[PDB]
Protein chains: 4
Amino acid sequence: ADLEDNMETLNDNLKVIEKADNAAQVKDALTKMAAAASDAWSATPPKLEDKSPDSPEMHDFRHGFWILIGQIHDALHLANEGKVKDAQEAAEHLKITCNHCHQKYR
Amino acid sequence: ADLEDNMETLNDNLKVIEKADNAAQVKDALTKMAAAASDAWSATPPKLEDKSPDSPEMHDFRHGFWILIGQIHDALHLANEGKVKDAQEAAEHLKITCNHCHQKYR
Amino acid sequence: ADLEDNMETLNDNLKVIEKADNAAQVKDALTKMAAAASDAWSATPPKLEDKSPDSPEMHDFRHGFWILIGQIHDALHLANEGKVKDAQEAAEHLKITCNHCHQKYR
Amino acid sequence: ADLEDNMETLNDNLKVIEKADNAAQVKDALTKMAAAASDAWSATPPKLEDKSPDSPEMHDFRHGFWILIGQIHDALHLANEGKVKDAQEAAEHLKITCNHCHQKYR
Ligand code: HEC
Ligand code: HEC
Ligand code: HEC
Ligand code: HEC
Ligand SMILES: [Cl-]
Ligand SMILES: [Cl-]
Ligand SMILES: [Zn+2]
Ligand SMILES: [Zn+2]
Ligand SMILES: [Zn+2]
Ligand SMILES: [Zn+2]
Ligand SMILES: [Zn+2]
Ligand SMILES: [Zn+2]
Ligand SMILES: [Zn+2]
Ligand SMILES: [Zn+2]
Ligand SMILES: [Zn+2]
Ligand SMILES: [Zn+2]
Ligand SMILES: [Zn+2]
Ligand SMILES: [Zn+2]
Ligand SMILES: [Zn+2]
Ligand SMILES: [Zn+2]
Ligand SMILES: [Zn+2]
Ligand SMILES: [Zn+2]
């Protein structure tokens, strides 16, 4: 999908996690976020259309998605241990990564 | 594009890394492998077309790409520090992940 | 040495990172924090002296130090690439992990 | 403990994992390996007594224990999902990290 669609997927599923009651909802939202992050890894954001794909900027840009993917990976493991509250708390971790990339690149 | 194309990208660039002389070659090959792994994350492999997308198998399948992506992430950091030999020996780490997924699902 | 000493090491060096100007200061503070986190991994915190060492609590407790160690690991890689501001903003990531463990066990 | 004691702990528990029948044995061995790796993070190995503690060598040395700690972290998550075979296969991952550090530093 395009960067904007992936971002709406990330935004909708982050809310599902913050509002969730059971593990299955959290697991499903985390899996959908991981798919959106991986698909978004390739995208060139507007602020960086001018820059070459192996510029310092596009490397740092892509590095943000590695942070997020890793955070989702750990969150799903916690979710798969019945630790709903601990997996929901991952949301707080994910939001930092969301804001850090936004601050630099949208 | 498809799982088989992503795999040939992973295979070709793994060899480039093993036969590389300088950092730029290693960096470029690692970046291409990361793109292939991320793009492959969503694929349903032939031996798992029968299985449900939330089966233990498709979860374990996807988990393999998280391991590889994480390994590529660290390898590129080492590559970006001029540690060519340390980044090349990441290749040895990557091959274990290649074989583990292949053993179960190829 | 003890959990409280490790925590003051983490606290002092987190501030050094937030107020740093150059890479060497950030690198040095991150290295000291990594040493404190690793050394703290084995500690039994007061609020968990009652609990068995393989309880869900002491496992979750130890898991917190794995998150922090991983965050410090990535921060030092960024620091070693001359990306001072990117390494300093790791501080924001670290504080979430500090608070999550404190909320449950301090 | 000293580096040699930590190494014997790593060696004994790696064998327990390769020989294990149930999750509890694997979980317990992984937890003991994590404790040994964290405690070993601080050690100065013989080949590097001459070198300063913030030399490139002692940084690369310590980086090896970050790889191992991360690998143990993932292995324990797999172990905590009843995936004994998948957690035992982590052993193959750990041995690469063992050999890579040995090759450079013992
Ligand atoms: C980069 C590494 C990013 C990460 C990680 C996250 N986001 Fe993002 N997001 C990013 C960019 C470059 C853009 C702009 C895209 C454009 O074409 O304009 C966005 C946009 C959004 C939006 C759209 C709203 C807007 O103000 O433009 C949303 C709703 C959004 N992002 C949400 C979001 C969430 C929830 C994230 C983590 C869970 C997240 N983003 C991470 C770049 C990056
Ligand atoms: C799963 C998580 C995998 C990881 C990690 C890696 N590979 Fe793979 N690979 C996988 C599957 C399911 C398949 C078969 C797909 C099919 O349609 O039949 C493959 C296949 C390959 C191939 C052969 C491709 C072909 O021409 O048919 C190669 C050469 C290959 N894989 C290489 C490779 C390398 C080098 C990897 C890591 C560096 C790697 N793979 C990881 C599943 C998975
Ligand atoms: C658990 C996994 C923790 C993480 C991660 C961090 N901290 Fe911590 N901290 C923890 C405990 C259990 C305690 C209480 C110990 C006790 O004996 O009562 C603390 C305490 C602190 C303190 C106060 C120390 C004192 O003088 O009594 C500080 C200032 C502190 N912690 C800071 C801190 C920082 C900055 C962290 C991350 C960067 C951090 N802690 C992580 C448990 C855990
Ligand atoms: C460095 C980052 C290391 C990692 C990771 C592992 N090992 Fe190690 N090991 C290391 C050093 C520097 C030494 C030498 C210590 C000395 O004072 O001589 C060792 C030693 C051992 C030994 C002792 C046998 C010997 O030939 O000296 C064993 C049995 C051993 N190490 C096992 C081991 C295992 C099983 C590991 C991973 C699971 C492992 N080591 C990782 C440095 C490092
Ligand atoms: Cl980030
Ligand atoms: Cl290694
Ligand atoms: Zn929506
Ligand atoms: Zn974890
Ligand atoms: Zn899992
Ligand atoms: Zn960040
Ligand atoms: Zn594609
Ligand atoms: Zn690293
Ligand atoms: Zn980088
Ligand atoms: Zn594996
Ligand atoms: Zn101590
Ligand atoms: Zn990184
Ligand atoms: Zn380094
Ligand atoms: Zn947390
Ligand atoms: Zn022994
Ligand atoms: Zn995992
Ligand atoms: Zn756990
Ligand atoms: Zn290695």
Side-chain angles (χ1 to χ4, degrees), chain A residues 1-20 24-79 87-106, chain B residues 1 6 31-44 53-54 58-59 62-63 65-66 68-70 72-73 76, chain C residues 67 70-71 74 78 83 85-86 89-90 92-93 95-96:
Chain A
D2 66 23
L3 189 45
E4 276 165 290
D5 282 331
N6 289 326
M7 287 301 146
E8 183 60 19
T9 302
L10 286 175
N11 202 50
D12 286 341
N13 286 284
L14 190 60
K15 287 180 185 179
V16 165
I17 291 177
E18 295 185 79
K19 269 183 139 66
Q25 275 157 9
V26 172
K27 284 153 80 96
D28 170 71
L30 284 169
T31 298
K32 283 173 185 158
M33 288 185 78
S38 271
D39 190 46
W41 195 94
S42 61
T44 297
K47 287 272 103 189
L48 301 183
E49 284 168 340
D50 53 311
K51 310 269 189 177
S52 98
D54 274 51
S55 58
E57 295 82 357
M58 280 297 294
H59 175 35
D60 185 44
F61 178 71
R62 279 191 291 267
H63 185 266
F65 287 125
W66 273 339
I67 298 312
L68 191 71
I69 287 161
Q71 283 175 328
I72 292 166
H73 168 204
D74 197 73
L76 191 58
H77 276 314
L78 291 177
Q88 286 187 124
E89 264 195 336
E92 286 171 68
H93 287 276
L94 297 175
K95 276 187 209 191
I96 302 301
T97 313
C98 302
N99 300 159
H100 277 179
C101 188
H102 292 161
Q103 279 167 185
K104 274 188 273 178
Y105 296 127
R106 88 182 165 179
Chain B
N6 289 327
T31 309
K32 283 172 185 158
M33 288 185 75
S38 270
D39 191 45
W41 194 93
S42 59
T44 297
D54 281 12
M58 281 297 299
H59 182 105
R62 278 191 291 270
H63 186 265
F65 286 127
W66 274 338
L68 192 72
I69 285 162
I72 294 165
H73 171 202
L76 191 57
Chain C
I67 297 162
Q71 284 174 328
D74 197 73
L78 291 177
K83 308 195 209 272
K85 204 222 293 301
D86 289 355
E89 90 173 20
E92 287 174 88
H93 287 276
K95 276 194 282 203
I96 303 302

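Within every chain, numbering begins at 1; the chains are lettered A, B, ... in the order of the sequence lines, protein sequences first and strands thereafter. Reckoned from all heavy atoms, side chains included, excluding hydrogens, waters and symmetry mates.
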Return the minimal non-hydrogen interatomic distance between A:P45 and A:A43, and the atom names on each side.
CD-O, 3.8 Å
Once rounded to the nearest 0.5 Å, what's the spacing between atom CG of C:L78 and atom NZ of C:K85?
13.5 Å
Starting from the C-alpha separation in whole Å, work towards a yes-or-no answer on side-chain contact (heavy atoms from CB on, under 4.5 Å) for A:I17 and A:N13.
CA-CA 6 Å; A:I17 291 177; A:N13 286 284; 5.6 Å; no
Within a strict 4.5 Å, meaning less than it, do heavy atoms of the A:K32 and A:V16 side chains meet?
no
With rounding to the nearest 0.5 angstrom, report the SG to CD1 distance, A:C98 to A:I67.
12.5 Å
Return the minimal non-hydrogen interatomic distance between B:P53 and B:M58, and the atom names on each side.
O-CB, 3.4 Å
Does the pair B:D54/A:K27 count as a salt bridge with the N-to-O cut at 4.0 Å?
no
To the nearest 0.5 Å, atom CG of A:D74 lies from atom CD1 of A:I72 at 11.5 Å
Salt bridge C:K83-A:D60, side-chain N to carboxylate O under 4.0 Å:
no
Closest approach of B:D39 to B:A1 (non-hydrogen atoms, all atoms of both residues):
OD2-O, 3.2 Å
Quick check: do A:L14 and A:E18 have side-chain heavy atoms less than 4.5 Å from each other?
yes
Nearest 0.5 Å, what's the NZ-CZ distance between A:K104 and A:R106?
14.0 Å
Exactly one of B:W66, B:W41, B:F65 should register a ring pair (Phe, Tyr, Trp, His ring centres under 6.0 Å) with A:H73. Which one does?
B:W66
Taking the ring of A:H77 and the ring of B:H63, is the distance between their centroids below 6.0 Å?
yes
Interatomic spacing from NE2 in A:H100 to CD in C:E89 - rounded to 0.5 Å
4.0 Å
Where C:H93 and C:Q71 come nearest, the two heavy atoms and their spacing:
O-NE2, 3.4 Å
Might you point out which heavy atoms bring A:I69 and A:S38 nearest each other, and give the distance in Å?
CD1-OG, 4.0 Å
Say you draw a straight line from CD1 of A:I96 to CD1 of C:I96; how long is it, rounded to the nearest 0.5 Å?
4.0 Å
If every non-hydrogen atom of A:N6 is compared with every non-hydrogen atom of A:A36, which pair is closest and at what distance?
CG-O, 3.4 Å
Run the side-chain contact (heavy atoms from CB on, under 4.5 Å) test on A:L68 and A:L10 for me, step by step, so that the C-alpha distance in whole Å, both residues' side-chain angles and the decisive distance to 0.1 Å come before the verdict.
CA-CA 10 Å; A:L68 191 71; A:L10 286 175; 4.0 Å; yes
